[PDB]
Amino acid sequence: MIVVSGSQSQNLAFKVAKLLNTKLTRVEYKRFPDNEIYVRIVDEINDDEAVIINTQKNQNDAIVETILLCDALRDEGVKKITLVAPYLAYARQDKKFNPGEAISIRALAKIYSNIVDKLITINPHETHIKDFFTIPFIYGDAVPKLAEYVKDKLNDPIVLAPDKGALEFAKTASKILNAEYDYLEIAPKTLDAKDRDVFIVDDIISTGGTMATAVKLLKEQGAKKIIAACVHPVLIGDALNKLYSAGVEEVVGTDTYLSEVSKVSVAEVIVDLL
């Protein structure tokens, strides 16, 4: 299986290939004066099974680039194409919240099911979006890797989910840290943060409001060292400054989405799903 680098996951694809002990295929990527995408599989392809690793921080670019790469691979003999989109865009919702709307992941799943034979993604917000796919839809979990990153720097912490929705992430991390866990309902449903270290974990941190809010409160409830972790560090605008001011000790994310805090890698997580 050759590893094909998408323009948005060049380091992750490299790390994965290294783990798979596979030669990393040279993929040419550039923009015409138009700004149209130009892709090109430079190395010669003998193998007939490729794995495209291209996350979607720049959503529409990732979609088109992937479409073009698949065409290029098929036109070169590749029989099976697996797409690894660490961060999958347009997959936040399950349905319409208003008449006249579209179900974006539904429309894209149709295209994916036609151009690739398998799709892998890390920590999707909605697990049910797979119902729209007619090809294998595999999802890995990076929460364990985040937990392993902090057990090293927190003293008998309480693992909190920013809301009930993220309770599972807290539980997962909770098990790895041998700590208690709960979720803010505003305050934790059961536990008390007075004089305790806290590990707030969620799948995404965009705006930072939900997070910054939890932190300010927890600090008021006498929380000690607080670390906020997320799988997809979207961190829009001044999100990071917002969290730091609220008083977090540190914010950490993974490399599914490029940020100033993408410290943890999902390479191993991806390798296991291959």
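In this text, residue numbers run from 1 along the sequence as written.
Check the residues of the deposited sequence separating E185 from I186 and report how many of them have no coordinates, as none, 1 to 3, 4 to 9, or 10 or more.
According to the record, 10 or more deposited residues lack coordinates from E185 to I186.
Which has higher Cα B-factors on average according to the PDB entry: 21-29 or 258-266?
Stretch with the higher mean C-alpha B-factor: 21-29.
Mean CA B-factor: is it higher for 66-74 or for 204-212?
Here the higher of the two C-alpha B-factor means belongs to 204-212.
Among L108, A142, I176, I115, single out the one with the highest C-alpha B factor in the record, please.
By C-alpha B-factor in the record, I176 ranks first.
Out of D47, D238, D61, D34, which residue has the highest Cα temperature factor in the PDB record?
Of the candidates given, the C-alpha B-factor peaks at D47.
Which third, lowest, middle or highest, does the C-alpha temperature factor of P124 belong to within its own chain?
Middle third, going by the recorded CA B-factors of the chain.
Sort the modelled residues of this chain by their C-alpha B factor and say whether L146 lands in the lowest, middle or highest third.
Middle third of the chain for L146's C-alpha B-factor.
Which third, lowest, middle or highest, does the CA B-factor of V234 fall in along this chain?
Bottom third by C-alpha B-factor.
Can you tell me which third, lowest, middle or highest, the CA B-factor of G100 falls into for its chain?
Middle third by C-alpha B-factor.
Consider only the C-alpha atoms of the modelled residues in this chain, order them by B-factor as the entry records it, and name the third containing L217: lowest, middle or highest.
According to the entry, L217 has a C-alpha B-factor in the chain's highest third.
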